[PDB]
$ cat structure_17.txt   # compact mmCIF, C-alpha atoms and all ligand atoms
# COMPACT_ATOMS: atom_id res chain seq x y z
CA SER W 1 -2.78 0.46 -31.39
CA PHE W 2 -1.76 -1.58 -28.37
CA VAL W 3 1.83 -0.26 -28.50
CA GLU W 4 0.55 2.84 -26.63
CA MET W 5 -0.32 0.60 -23.66
CA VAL W 6 2.92 -1.40 -23.54
CA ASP W 7 4.81 -0.61 -20.31
CA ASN W 8 1.87 1.37 -18.85
CA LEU W 9 2.25 -0.32 -15.43
CA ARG W 10 4.69 0.44 -12.62
CA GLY W 11 5.02 -0.75 -9.05
CA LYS W 12 7.23 -1.79 -6.16
CA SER W 13 7.85 -5.38 -5.10
CA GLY W 14 5.06 -6.52 -2.79
CA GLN W 15 3.11 -3.29 -3.31
CA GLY W 16 1.14 -4.13 -6.45
CA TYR W 17 1.07 -2.80 -10.00
CA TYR W 18 -0.58 0.52 -10.82
CA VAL W 19 -1.76 2.34 -13.93
CA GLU W 20 -2.17 6.06 -14.44
CA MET W 21 -5.74 7.36 -14.68
CA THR W 22 -7.61 10.64 -14.63
CA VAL W 23 -10.97 11.36 -13.01
CA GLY W 24 -13.21 14.41 -13.26
CA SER W 25 -13.27 17.64 -15.25
CA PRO W 26 -10.68 19.16 -15.31
CA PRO W 27 -8.82 15.82 -15.23
CA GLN W 28 -7.19 14.87 -11.92
CA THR W 29 -4.27 12.47 -12.35
CA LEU W 30 -4.10 9.47 -10.00
CA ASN W 31 -2.17 6.19 -9.95
CA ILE W 32 -4.55 3.26 -9.56
CA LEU W 33 -3.75 -0.28 -8.36
CA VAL W 34 -4.74 -2.96 -10.92
CA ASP W 35 -6.72 -5.67 -9.07
CA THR W 36 -8.33 -8.65 -10.83
CA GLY W 37 -9.39 -9.93 -7.38
CA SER W 38 -12.09 -7.29 -6.68
CA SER W 39 -14.69 -5.25 -8.55
CA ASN W 40 -14.81 -1.75 -7.04
CA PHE W 41 -13.21 1.33 -8.51
CA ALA W 42 -12.14 3.44 -5.52
CA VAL W 43 -9.75 6.34 -4.93
CA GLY W 44 -8.47 8.17 -1.90
CA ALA W 45 -10.68 11.26 -1.53
CA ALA W 46 -9.61 12.62 1.88
CA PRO W 47 -6.19 13.30 3.43
CA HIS W 48 -4.21 10.31 4.68
CA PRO W 49 -0.59 10.09 5.92
CA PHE W 50 0.43 7.79 3.05
CA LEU W 51 -1.39 9.62 0.22
CA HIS W 52 0.68 11.95 -1.95
CA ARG W 53 -2.55 13.23 -3.51
CA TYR W 54 -6.23 12.39 -3.67
CA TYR W 55 -9.47 12.91 -5.57
CA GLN W 56 -11.06 16.30 -4.88
CA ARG W 57 -14.73 15.99 -5.83
CA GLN W 58 -15.44 19.71 -5.30
CA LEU W 59 -13.04 20.59 -8.15
CA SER W 60 -14.80 18.35 -10.71
CA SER W 61 -17.70 19.84 -12.66
CA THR W 62 -18.77 16.34 -13.79
CA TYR W 63 -18.86 14.72 -10.34
CA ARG W 64 -22.25 13.31 -9.36
CA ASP W 65 -23.04 12.23 -5.80
CA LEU W 66 -24.90 8.91 -5.58
CA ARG W 67 -25.95 9.60 -1.95
CA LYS W 68 -24.97 6.07 -0.93
CA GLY W 69 -22.13 4.83 1.26
CA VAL W 70 -19.81 1.90 0.54
CA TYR W 71 -17.21 -0.22 2.31
CA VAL W 72 -14.98 -3.04 1.05
CA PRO W 73 -13.30 -5.56 3.39
CA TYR W 74 -10.46 -7.43 1.64
CA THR W 75 -8.54 -10.43 2.94
CA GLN W 76 -6.22 -7.84 4.47
CA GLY W 77 -7.17 -4.18 4.56
CA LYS W 78 -10.43 -2.29 4.15
CA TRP W 79 -11.82 1.15 3.38
CA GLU W 80 -15.12 2.97 3.48
CA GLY W 81 -16.41 5.90 1.49
CA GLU W 82 -19.09 7.58 -0.59
CA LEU W 83 -20.36 6.43 -4.00
CA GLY W 84 -20.60 8.74 -7.01
CA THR W 85 -19.86 8.94 -10.72
CA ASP W 86 -17.41 10.94 -12.81
CA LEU W 87 -15.61 10.95 -16.13
CA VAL W 88 -12.58 8.67 -16.23
CA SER W 89 -9.76 8.18 -18.73
CA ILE W 90 -6.60 6.11 -19.02
CA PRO W 91 -3.81 8.21 -20.60
CA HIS W 92 -1.76 5.16 -21.67
CA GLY W 93 -4.85 3.23 -22.60
CA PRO W 94 -7.74 3.43 -25.05
CA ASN W 95 -8.53 6.87 -26.44
CA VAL W 96 -11.90 7.07 -24.69
CA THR W 97 -13.61 8.67 -21.70
CA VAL W 98 -16.34 6.92 -19.72
CA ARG W 99 -18.68 7.81 -16.90
CA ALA W 100 -17.97 5.28 -14.18
CA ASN W 101 -18.86 4.53 -10.60
CA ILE W 102 -16.24 5.79 -8.17
CA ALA W 103 -16.00 5.14 -4.45
CA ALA W 104 -14.51 8.20 -2.74
CA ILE W 105 -12.45 6.70 0.10
CA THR W 106 -12.88 8.70 3.30
CA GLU W 107 -11.53 6.20 5.86
CA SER W 108 -9.28 3.21 5.46
CA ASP W 109 -7.45 0.67 7.59
CA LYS W 110 -4.20 -1.07 6.52
CA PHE W 111 -5.12 -0.40 2.87
CA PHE W 112 -2.80 2.35 1.60
CA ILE W 113 0.92 1.59 1.85
CA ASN W 114 3.57 4.03 3.11
CA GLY W 115 5.42 5.35 0.04
CA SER W 116 3.70 3.17 -2.59
CA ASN W 117 2.92 5.83 -5.28
CA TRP W 118 -0.68 4.66 -5.88
CA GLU W 119 -3.79 6.38 -4.54
CA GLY W 120 -6.68 4.12 -5.60
CA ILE W 121 -7.74 0.70 -6.84
CA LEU W 122 -9.33 -0.55 -10.08
CA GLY W 123 -11.27 -3.75 -9.42
CA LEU W 124 -11.39 -5.64 -12.72
CA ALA W 125 -13.52 -8.63 -11.65
CA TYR W 126 -17.28 -9.01 -12.12
CA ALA W 127 -20.30 -7.25 -10.63
CA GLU W 128 -21.25 -10.26 -8.50
CA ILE W 129 -18.56 -9.36 -5.93
CA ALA W 130 -18.94 -5.58 -6.13
CA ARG W 131 -19.88 -3.67 -2.97
CA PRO W 132 -22.38 -2.73 -1.70
CA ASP W 133 -24.01 -5.22 -4.09
CA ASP W 134 -23.93 -6.34 -7.73
CA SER W 135 -25.96 -3.37 -8.95
CA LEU W 136 -22.85 -1.18 -8.78
CA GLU W 137 -21.54 -1.57 -12.33
CA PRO W 138 -17.75 -2.15 -12.33
CA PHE W 139 -15.42 0.06 -14.36
CA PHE W 140 -14.63 -2.47 -17.08
CA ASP W 141 -18.32 -3.21 -17.65
CA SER W 142 -18.95 0.55 -18.03
CA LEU W 143 -16.01 0.86 -20.45
CA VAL W 144 -17.27 -1.95 -22.68
CA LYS W 145 -20.86 -0.72 -22.54
CA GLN W 146 -20.02 2.92 -23.38
CA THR W 147 -17.29 2.40 -26.03
CA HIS W 148 -16.16 -0.02 -28.76
CA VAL W 149 -13.36 -1.47 -26.60
CA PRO W 150 -13.54 -5.28 -26.97
CA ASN W 151 -14.55 -7.18 -23.83
CA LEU W 152 -11.13 -8.42 -22.76
CA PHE W 153 -7.84 -7.25 -21.32
CA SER W 154 -4.43 -8.76 -20.75
CA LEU W 155 -1.78 -8.35 -18.07
CA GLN W 156 1.98 -8.68 -18.49
CA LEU W 157 3.34 -8.32 -14.94
CA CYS W 158 7.15 -8.19 -14.87
CA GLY W 159 9.55 -8.82 -12.00
CA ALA W 160 12.83 -7.04 -11.38
CA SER W 161 11.48 -1.46 -9.36
CA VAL W 162 8.85 -3.43 -11.37
CA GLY W 163 6.81 -2.69 -14.46
CA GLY W 164 4.43 -4.25 -16.93
CA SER W 165 1.59 -3.78 -19.36
CA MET W 166 -2.19 -3.80 -19.16
CA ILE W 167 -3.49 -4.16 -22.70
CA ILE W 168 -7.09 -2.91 -22.63
CA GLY W 169 -9.25 -4.41 -25.36
CA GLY W 170 -6.99 -7.09 -26.79
CA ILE W 171 -3.81 -9.13 -26.96
CA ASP W 172 -0.44 -7.71 -27.99
CA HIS W 173 1.51 -10.50 -29.70
CA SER W 174 4.90 -8.90 -29.09
CA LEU W 175 4.45 -9.45 -25.33
CA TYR W 176 4.65 -13.27 -25.25
CA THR W 177 6.30 -16.29 -26.89
CA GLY W 178 4.97 -19.71 -27.76
CA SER W 179 1.28 -20.56 -27.57
CA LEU W 180 -1.48 -19.20 -25.37
CA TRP W 181 -3.20 -21.90 -23.30
CA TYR W 182 -6.73 -21.24 -22.04
CA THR W 183 -8.60 -22.34 -18.93
CA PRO W 184 -12.37 -21.76 -18.53
CA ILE W 185 -13.66 -19.08 -16.20
CA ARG W 186 -15.74 -21.31 -13.95
CA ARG W 187 -18.12 -18.56 -12.81
CA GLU W 188 -18.10 -14.83 -13.47
CA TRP W 189 -17.54 -13.39 -10.02
CA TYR W 190 -13.88 -13.60 -9.20
CA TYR W 191 -11.80 -14.83 -12.14
CA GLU W 192 -12.40 -18.35 -10.85
CA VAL W 193 -10.50 -21.30 -12.36
CA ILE W 194 -10.09 -25.02 -11.63
CA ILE W 195 -6.70 -26.52 -10.75
CA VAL W 196 -6.63 -30.23 -11.64
CA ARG W 197 -3.11 -31.32 -10.56
CA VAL W 198 -0.12 -30.02 -8.62
CA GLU W 199 3.47 -31.23 -8.94
CA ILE W 200 6.60 -30.10 -7.13
CA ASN W 201 9.87 -30.87 -8.96
CA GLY W 202 7.82 -33.26 -11.10
CA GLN W 203 6.40 -35.14 -8.10
CA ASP W 204 2.60 -35.31 -7.92
CA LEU W 205 1.23 -34.01 -4.62
CA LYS W 206 -1.41 -36.79 -4.87
CA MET W 207 -4.24 -34.99 -3.15
CA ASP W 208 -7.90 -35.07 -4.00
CA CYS W 209 -7.92 -32.37 -6.66
CA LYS W 210 -10.92 -30.80 -4.88
CA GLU W 211 -8.45 -29.82 -2.13
CA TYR W 212 -6.71 -27.52 -4.66
CA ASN W 213 -9.96 -25.59 -5.22
CA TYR W 214 -11.38 -25.52 -1.67
CA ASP W 215 -13.36 -23.39 -1.62
CA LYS W 216 -12.35 -21.72 -4.95
CA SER W 217 -9.28 -20.90 -7.01
CA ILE W 218 -8.85 -17.39 -8.41
CA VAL W 219 -6.45 -15.29 -10.51
CA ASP W 220 -5.78 -12.14 -8.47
CA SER W 221 -3.31 -9.41 -9.39
CA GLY W 222 -4.19 -7.61 -6.13
CA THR W 223 -2.68 -10.38 -4.01
CA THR W 224 1.10 -10.64 -3.74
CA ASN W 225 1.55 -14.31 -2.85
CA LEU W 226 0.51 -17.70 -4.03
CA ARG W 227 -2.05 -18.50 -1.33
CA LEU W 228 -3.01 -22.15 -0.77
CA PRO W 229 -5.74 -23.91 1.25
CA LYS W 230 -4.43 -25.14 4.60
CA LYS W 231 -4.06 -28.79 3.58
CA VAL W 232 -2.36 -27.93 0.28
CA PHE W 233 -0.11 -25.34 1.94
CA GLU W 234 1.14 -27.92 4.46
CA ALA W 235 1.94 -30.49 1.79
CA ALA W 236 3.66 -27.91 -0.43
CA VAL W 237 5.79 -26.45 2.38
CA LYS W 238 6.72 -29.95 3.54
CA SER W 239 7.90 -30.73 0.01
CA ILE W 240 9.74 -27.42 -0.44
CA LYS W 241 11.46 -27.80 2.95
CA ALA W 242 12.69 -31.27 2.02
CA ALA W 243 14.03 -30.17 -1.35
CA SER W 244 16.00 -27.34 0.30
CA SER W 245 16.99 -29.20 3.51
CA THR W 246 20.73 -28.71 2.86
CA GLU W 247 20.20 -25.23 4.36
CA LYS W 248 18.40 -24.26 7.56
CA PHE W 249 15.73 -21.55 7.64
CA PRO W 250 13.94 -19.92 10.59
CA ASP W 251 10.44 -21.23 11.18
CA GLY W 252 9.24 -17.65 10.67
CA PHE W 253 10.65 -17.69 7.15
CA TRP W 254 8.16 -20.39 6.11
CA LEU W 255 5.33 -18.29 7.62
CA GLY W 256 6.21 -15.28 5.48
CA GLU W 257 7.34 -13.28 8.52
CA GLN W 258 11.16 -13.32 8.55
CA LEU W 259 13.34 -12.76 5.49
CA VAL W 260 16.36 -14.83 4.48
CA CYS W 261 19.55 -13.39 3.00
CA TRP W 262 22.59 -14.65 1.14
CA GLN W 263 25.79 -13.06 -0.10
CA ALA W 264 24.93 -10.99 -3.18
CA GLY W 265 24.80 -13.38 -6.12
CA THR W 266 25.06 -16.63 -4.13
CA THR W 267 21.34 -17.42 -3.72
CA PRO W 268 21.10 -21.25 -3.99
CA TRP W 269 18.24 -21.27 -6.52
CA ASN W 270 18.98 -24.91 -7.40
CA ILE W 271 17.80 -26.18 -3.98
CA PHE W 272 14.32 -24.74 -4.37
CA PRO W 273 11.89 -26.77 -6.49
CA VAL W 274 9.71 -25.74 -9.41
CA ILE W 275 5.93 -25.85 -8.84
CA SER W 276 3.63 -27.00 -11.66
CA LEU W 277 -0.05 -25.99 -11.56
CA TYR W 278 -2.27 -27.85 -14.03
CA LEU W 279 -5.36 -25.97 -15.16
CA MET W 280 -8.53 -27.28 -16.76
CA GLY W 281 -8.30 -26.92 -20.54
CA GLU W 282 -10.71 -26.08 -23.35
CA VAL W 283 -11.44 -29.61 -24.69
CA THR W 284 -12.64 -32.83 -23.07
CA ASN W 285 -10.16 -34.48 -20.67
CA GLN W 286 -7.48 -31.89 -21.57
CA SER W 287 -5.40 -29.68 -19.27
CA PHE W 288 -2.17 -27.70 -19.47
CA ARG W 289 0.43 -26.70 -16.91
CA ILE W 290 2.24 -23.58 -15.85
CA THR W 291 5.57 -24.07 -14.14
CA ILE W 292 6.61 -21.65 -11.38
CA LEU W 293 10.29 -21.05 -10.56
CA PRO W 294 11.67 -20.18 -7.10
CA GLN W 295 12.62 -16.79 -8.50
CA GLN W 296 8.86 -16.17 -8.46
CA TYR W 297 7.88 -17.47 -5.02
CA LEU W 298 11.03 -16.12 -3.30
CA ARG W 299 10.12 -12.43 -3.42
CA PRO W 300 13.11 -10.05 -3.31
CA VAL W 301 12.96 -7.48 -0.50
CA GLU W 302 15.06 -4.36 0.14
CA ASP W 303 17.85 -5.09 2.64
CA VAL W 304 16.68 -3.12 5.67
CA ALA W 305 20.26 -3.03 6.96
CA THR W 306 23.31 -2.91 4.65
CA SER W 307 22.29 -3.57 1.03
CA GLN W 308 25.15 -6.08 0.73
CA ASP W 309 23.13 -9.30 0.44
CA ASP W 310 20.21 -10.62 -1.59
CA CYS W 311 17.22 -10.95 0.76
CA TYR W 312 13.89 -12.70 0.12
CA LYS W 313 10.52 -13.45 1.65
CA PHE W 314 8.68 -16.73 1.15
CA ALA W 315 5.76 -15.65 -1.07
CA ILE W 316 3.55 -18.71 -0.49
CA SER W 317 1.11 -18.41 2.40
CA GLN W 318 -1.83 -20.28 3.87
CA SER W 319 -5.41 -19.40 2.93
CA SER W 320 -8.83 -20.15 4.39
CA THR W 321 -10.76 -18.87 1.32
CA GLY W 322 -9.27 -20.99 -1.49
CA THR W 323 -6.27 -20.82 -3.78
CA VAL W 324 -5.11 -17.38 -4.91
CA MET W 325 -2.80 -17.18 -7.94
CA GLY W 326 -1.37 -13.81 -7.00
CA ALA W 327 1.08 -11.44 -8.64
CA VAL W 328 4.16 -13.60 -8.05
CA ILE W 329 2.44 -16.38 -10.02
CA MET W 330 1.34 -14.04 -12.84
CA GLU W 331 4.83 -12.52 -13.11
CA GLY W 332 6.66 -13.76 -16.17
CA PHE W 333 3.41 -14.95 -17.77
CA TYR W 334 1.22 -13.04 -20.18
CA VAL W 335 -2.31 -13.46 -18.83
CA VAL W 336 -5.33 -12.85 -21.04
CA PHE W 337 -8.63 -12.16 -19.25
CA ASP W 338 -10.89 -13.10 -22.16
CA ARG W 339 -14.23 -12.05 -20.69
CA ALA W 340 -15.97 -12.30 -24.07
CA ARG W 341 -15.17 -16.02 -24.31
CA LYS W 342 -15.23 -16.80 -20.53
CA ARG W 343 -11.62 -17.98 -20.43
CA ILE W 344 -8.21 -16.97 -19.10
CA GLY W 345 -5.10 -17.46 -21.25
CA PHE W 346 -1.52 -18.09 -20.14
CA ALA W 347 1.68 -17.80 -22.20
CA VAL W 348 5.36 -17.33 -21.42
CA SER W 349 5.94 -13.58 -21.14
CA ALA W 350 8.52 -11.57 -23.07
CA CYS W 351 9.72 -10.54 -19.59
CA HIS W 352 9.96 -14.12 -18.44
CA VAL W 353 11.80 -15.15 -15.27
CA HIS W 354 15.27 -16.54 -15.92
CA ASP W 355 17.18 -19.38 -14.29
CA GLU W 356 20.37 -20.99 -15.48
CA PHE W 357 19.17 -24.55 -15.96
CA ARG W 358 15.39 -24.14 -15.66
CA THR W 359 12.69 -22.07 -17.32
CA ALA W 360 9.16 -21.10 -16.48
CA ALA W 361 6.83 -22.70 -18.98
CA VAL W 362 3.25 -23.07 -20.20
CA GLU W 363 2.96 -26.57 -21.65
CA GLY W 364 0.23 -28.70 -23.17
CA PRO W 365 -1.78 -30.62 -23.97
CA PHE W 366 -2.11 -33.05 -21.06
CA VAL W 367 -4.80 -35.65 -20.58
CA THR W 368 -6.64 -35.40 -17.28
CA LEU W 369 -9.72 -37.47 -16.54
CA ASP W 370 -12.72 -36.32 -14.46
CA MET W 371 -11.63 -32.67 -14.25
CA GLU W 372 -15.15 -31.55 -13.30
CA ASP W 373 -14.77 -33.47 -10.03
CA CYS W 374 -12.01 -31.00 -9.09
CA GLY W 375 -14.38 -28.08 -8.60
CA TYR W 376 -15.74 -27.57 -5.09
CA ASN W 377 -19.50 -27.21 -4.63
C1 LIG W 401 -13.06 -7.22 -2.27
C2 LIG W 401 -13.64 -8.59 -2.12
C3 LIG W 401 -14.28 -9.04 -3.44
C4 LIG W 401 -12.62 -9.59 -1.64
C5 LIG W 401 -12.66 -10.07 -0.34
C6 LIG W 401 -11.73 -11.00 0.10
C7 LIG W 401 -10.75 -11.46 -0.77
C8 LIG W 401 -10.68 -11.00 -2.08
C9 LIG W 401 -9.61 -11.51 -3.03
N1 LIG W 401 -8.72 -10.47 -3.59
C10 LIG W 401 -8.04 -9.67 -2.53
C11 LIG W 401 -7.46 -8.40 -3.17
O1 LIG W 401 -8.52 -7.67 -3.80
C12 LIG W 401 -6.73 -7.50 -2.15
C13 LIG W 401 -6.35 -6.17 -2.78
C14 LIG W 401 -5.50 -5.25 -1.89
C15 LIG W 401 -6.17 -5.02 -0.52
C16 LIG W 401 -5.22 -3.94 -2.60
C17 LIG W 401 -4.23 -2.99 -1.90
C18 LIG W 401 -2.84 -3.59 -1.63
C19 LIG W 401 -2.10 -4.03 -2.89
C20 LIG W 401 -0.59 -4.32 -2.66
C21 LIG W 401 -0.30 -5.26 -1.47
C22 LIG W 401 -0.90 -6.67 -1.65
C23 LIG W 401 -0.85 -7.56 -0.36
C24 LIG W 401 -1.90 -8.65 -0.45
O2 LIG W 401 -1.63 -9.71 -1.00
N2 LIG W 401 -3.13 -8.42 0.08
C25 LIG W 401 -3.50 -7.17 0.76
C26 LIG W 401 -4.15 -9.45 -0.04
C27 LIG W 401 -4.30 -10.30 1.23
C28 LIG W 401 -5.50 -8.82 -0.45
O3 LIG W 401 -6.48 -8.95 0.26
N3 LIG W 401 -5.52 -8.16 -1.62
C29 LIG W 401 -11.63 -10.07 -2.50

$ encode --input "structure_17.txt" --output "structure tokens" --more "lines below"
Ligand SMILES: CC(C)c1cccc(CNC[C@@H](O)[C@@H]2C[C@H](C)CCCCCCCCC(=O)N(C)[C@@H](C)C(=O)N2)c1
Amino acid sequence: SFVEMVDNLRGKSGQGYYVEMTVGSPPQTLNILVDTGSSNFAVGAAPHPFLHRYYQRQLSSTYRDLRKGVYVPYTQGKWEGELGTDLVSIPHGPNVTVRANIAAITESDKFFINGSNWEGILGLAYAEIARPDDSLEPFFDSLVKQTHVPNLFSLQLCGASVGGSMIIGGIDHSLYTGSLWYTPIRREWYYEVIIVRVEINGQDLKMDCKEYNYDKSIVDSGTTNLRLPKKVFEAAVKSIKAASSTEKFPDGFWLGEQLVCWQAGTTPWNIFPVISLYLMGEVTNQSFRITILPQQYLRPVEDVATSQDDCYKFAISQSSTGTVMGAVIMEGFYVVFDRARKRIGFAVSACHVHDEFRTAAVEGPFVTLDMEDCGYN
């Protein structure tokens, strides 16, 4: 009965994807950001200028105080609060209710977004990166332990204001085309994967493949951009600049600061290259690739002035904590987080990104020797 979960995600460009949830008795409705890059379930539980609503523990007869504080520092943004448990349900999800850990956010810094429509975050990664430590059971672990929901979920994140699906407990075959290609989960903490090759417009970047995974590579729906280790970022930007050199862009555009605009419908997509990321496969010396179009890594942004042009931000930025395959990478792919089999699947999404002469793709098999050497230790 996955049809009930199709289209259960909404969001705004650059502001994440959220799902509707309820917490407590009587149920309090809240919109919750879907984040495969963290492992804490947390909701606003005190007034805040950007919160339309929040969790009111005093009104829930099933709330239980854990008498323990918590804080989570992300790559950007952080919050602190009080731990507790309560009953939680997902209206457009499985027909179950579970008692889960909940962090009641009392203070936050650059976490909530002005006018975003979500009030909390659902960390879907593993206990090893939960705060305050790995003894705080994450939501999805509680769900699997307390119900018959199979130990996997899938994400169909769609571009253009945005929507998608989080299929809890399985794979919905109407949401993708072609074959699913799987890459091993290297270690159950983040959803960590191994990138074994990078090509831009079919040209190999020719770096030590360890550089691609320094110090890790993760699949993270809570991060907007494709984030790349310093050395990889420099090579990729150098290649993307060259391919698009027939037009001049401010240096702040390549840093993700300034936006670029063009007359509505005249965006020169053809001058921006496709990026191919090769992932470690399931059998010996085998990989597969996902191909990323510029319509993914040129994120559309509301024209702050006169909505007469098409304006974009460069959605590839530099990282000092490894590669992050963020939302703009996941968009247009159907991504299966197969926890039960320790693998992540990719297929072309039913809401795939369109170009006139090019198409996003998931292609295999490829032969790749010595893939284990690509993981950083
Ligand atoms: C929580 C622990 C496990 C942790 C520490 C450091 C990195 C990571 C990796 N995942 C980060 C991710 O969980 C984290 C989640 C967000 C704060 C959730 C709220 C904002 C969502 C919409 C705007 C997204 C802008 C963006 O890209 N951000 C805001 C990056 C930069 C980021 O940080 N994202 C996890």

$ atom_distance --input "structure_17.txt" --atom1 "atom CA of residue W:270" --atom2 "atom CA of residue W:310"
15.5 Å

$ closest_atom_pairs --input "structure_17.txt" --of "chain W" --to "ligand LIG 401 (chain W)" --cutoff "9 Å" --atoms "all atoms listed in the file" --output "JSON lines"
{"residue": "W:12", "atom": "CA", "partner": "W:LIG401", "partner_atom": "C20", "distance": 8.9}
{"residue": "W:13", "atom": "CA", "partner": "W:LIG401", "partner_atom": "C20", "distance": 8.8}
{"residue": "W:14", "atom": "CA", "partner": "W:LIG401", "partner_atom": "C21", "distance": 5.7}
{"residue": "W:15", "atom": "CA", "partner": "W:LIG401", "partner_atom": "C20", "distance": 3.9}
{"residue": "W:16", "atom": "CA", "partner": "W:LIG401", "partner_atom": "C20", "distance": 4.2}
{"residue": "W:17", "atom": "CA", "partner": "W:LIG401", "partner_atom": "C20", "distance": 7.7}
{"residue": "W:33", "atom": "CA", "partner": "W:LIG401", "partner_atom": "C19", "distance": 6.8}
{"residue": "W:34", "atom": "CA", "partner": "W:LIG401", "partner_atom": "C16", "distance": 8.4}
{"residue": "W:35", "atom": "CA", "partner": "W:LIG401", "partner_atom": "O1", "distance": 5.9}
{"residue": "W:36", "atom": "CA", "partner": "W:LIG401", "partner_atom": "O1", "distance": 7.1}
{"residue": "W:37", "atom": "CA", "partner": "W:LIG401", "partner_atom": "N1", "distance": 3.9}
{"residue": "W:38", "atom": "CA", "partner": "W:LIG401", "partner_atom": "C3", "distance": 4.3}
{"residue": "W:39", "atom": "CA", "partner": "W:LIG401", "partner_atom": "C3", "distance": 6.4}
{"residue": "W:40", "atom": "CA", "partner": "W:LIG401", "partner_atom": "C1", "distance": 7.5}
{"residue": "W:72", "atom": "CA", "partner": "W:LIG401", "partner_atom": "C1", "distance": 5.7}
{"residue": "W:73", "atom": "CA", "partner": "W:LIG401", "partner_atom": "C5", "distance": 5.9}
{"residue": "W:74", "atom": "CA", "partner": "W:LIG401", "partner_atom": "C5", "distance": 4.0}
{"residue": "W:75", "atom": "CA", "partner": "W:LIG401", "partner_atom": "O3", "distance": 3.7}
{"residue": "W:76", "atom": "CA", "partner": "W:LIG401", "partner_atom": "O3", "distance": 4.4}
{"residue": "W:77", "atom": "CA", "partner": "W:LIG401", "partner_atom": "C15", "distance": 5.2}
{"residue": "W:78", "atom": "CA", "partner": "W:LIG401", "partner_atom": "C15", "distance": 6.9}
{"residue": "W:110", "atom": "CA", "partner": "W:LIG401", "partner_atom": "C15", "distance": 8.3}
{"residue": "W:111", "atom": "CA", "partner": "W:LIG401", "partner_atom": "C17", "distance": 5.5}
{"residue": "W:112", "atom": "CA", "partner": "W:LIG401", "partner_atom": "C17", "distance": 6.5}
{"residue": "W:113", "atom": "CA", "partner": "W:LIG401", "partner_atom": "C18", "distance": 7.3}
{"residue": "W:116", "atom": "CA", "partner": "W:LIG401", "partner_atom": "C20", "distance": 8.6}
{"residue": "W:120", "atom": "CA", "partner": "W:LIG401", "partner_atom": "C17", "distance": 8.4}
{"residue": "W:121", "atom": "CA", "partner": "W:LIG401", "partner_atom": "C16", "distance": 6.8}
{"residue": "W:123", "atom": "CA", "partner": "W:LIG401", "partner_atom": "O1", "distance": 7.4}
{"residue": "W:125", "atom": "CA", "partner": "W:LIG401", "partner_atom": "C3", "distance": 8.3}
{"residue": "W:128", "atom": "CA", "partner": "W:LIG401", "partner_atom": "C3", "distance": 8.7}
{"residue": "W:129", "atom": "CA", "partner": "W:LIG401", "partner_atom": "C3", "distance": 5.0}
{"residue": "W:130", "atom": "CA", "partner": "W:LIG401", "partner_atom": "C3", "distance": 6.4}
{"residue": "W:131", "atom": "CA", "partner": "W:LIG401", "partner_atom": "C1", "distance": 7.7}
{"residue": "W:189", "atom": "CA", "partner": "W:LIG401", "partner_atom": "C3", "distance": 8.5}
{"residue": "W:190", "atom": "CA", "partner": "W:LIG401", "partner_atom": "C3", "distance": 7.4}
{"residue": "W:218", "atom": "CA", "partner": "W:LIG401", "partner_atom": "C9", "distance": 8.0}
{"residue": "W:219", "atom": "CA", "partner": "W:LIG401", "partner_atom": "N1", "distance": 8.7}
{"residue": "W:220", "atom": "CA", "partner": "W:LIG401", "partner_atom": "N1", "distance": 5.9}
{"residue": "W:221", "atom": "CA", "partner": "W:LIG401", "partner_atom": "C11", "distance": 7.5}
{"residue": "W:222", "atom": "CA", "partner": "W:LIG401", "partner_atom": "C13", "distance": 4.2}
{"residue": "W:223", "atom": "CA", "partner": "W:LIG401", "partner_atom": "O2", "distance": 3.3}
{"residue": "W:224", "atom": "CA", "partner": "W:LIG401", "partner_atom": "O2", "distance": 4.0}
{"residue": "W:225", "atom": "CA", "partner": "W:LIG401", "partner_atom": "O2", "distance": 5.9}
{"residue": "W:226", "atom": "CA", "partner": "W:LIG401", "partner_atom": "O2", "distance": 8.8}
{"residue": "W:227", "atom": "CA", "partner": "W:LIG401", "partner_atom": "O2", "distance": 8.8}
{"residue": "W:321", "atom": "CA", "partner": "W:LIG401", "partner_atom": "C7", "distance": 7.7}
{"residue": "W:324", "atom": "CA", "partner": "W:LIG401", "partner_atom": "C9", "distance": 7.6}
{"residue": "W:326", "atom": "CA", "partner": "W:LIG401", "partner_atom": "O2", "distance": 7.3}
{"residue": "W:327", "atom": "CA", "partner": "W:LIG401", "partner_atom": "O2", "distance": 8.3}

$ residues_around --input "structure_17.txt" --residues "residue W:335" --least-positions-apart "3" --cutoff "10 Å" --atoms "all atoms listed in the file" --output "ChimeraX atom specification"
/W:153-157,166,171,176,180-182,219,330-332,338,344-349

$ write_last_selection --input "structure_17.txt" --atoms "C-alpha atoms" --output "CSV table (one decimal), in the coordinates of the input"
chain,number,residue,atom,x,y,z
W,153,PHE,CA,-7.8,-7.2,-21.3
W,154,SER,CA,-4.4,-8.8,-20.8
W,155,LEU,CA,-1.8,-8.4,-18.1
W,156,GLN,CA,2.0,-8.7,-18.5
W,157,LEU,CA,3.3,-8.3,-14.9
W,166,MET,CA,-2.2,-3.8,-19.2
W,171,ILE,CA,-3.8,-9.1,-27.0
W,176,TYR,CA,4.6,-13.3,-25.2
W,180,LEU,CA,-1.5,-19.2,-25.4
W,181,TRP,CA,-3.2,-21.9,-23.3
W,182,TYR,CA,-6.7,-21.2,-22.0
W,219,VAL,CA,-6.4,-15.3,-10.5
W,330,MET,CA,1.3,-14.0,-12.8
W,331,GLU,CA,4.8,-12.5,-13.1
W,332,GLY,CA,6.7,-13.8,-16.2
W,338,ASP,CA,-10.9,-13.1,-22.2
W,344,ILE,CA,-8.2,-17.0,-19.1
W,345,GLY,CA,-5.1,-17.5,-21.2
W,346,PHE,CA,-1.5,-18.1,-20.1
W,347,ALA,CA,1.7,-17.8,-22.2
W,348,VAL,CA,5.4,-17.3,-21.4
W,349,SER,CA,5.9,-13.6,-21.1
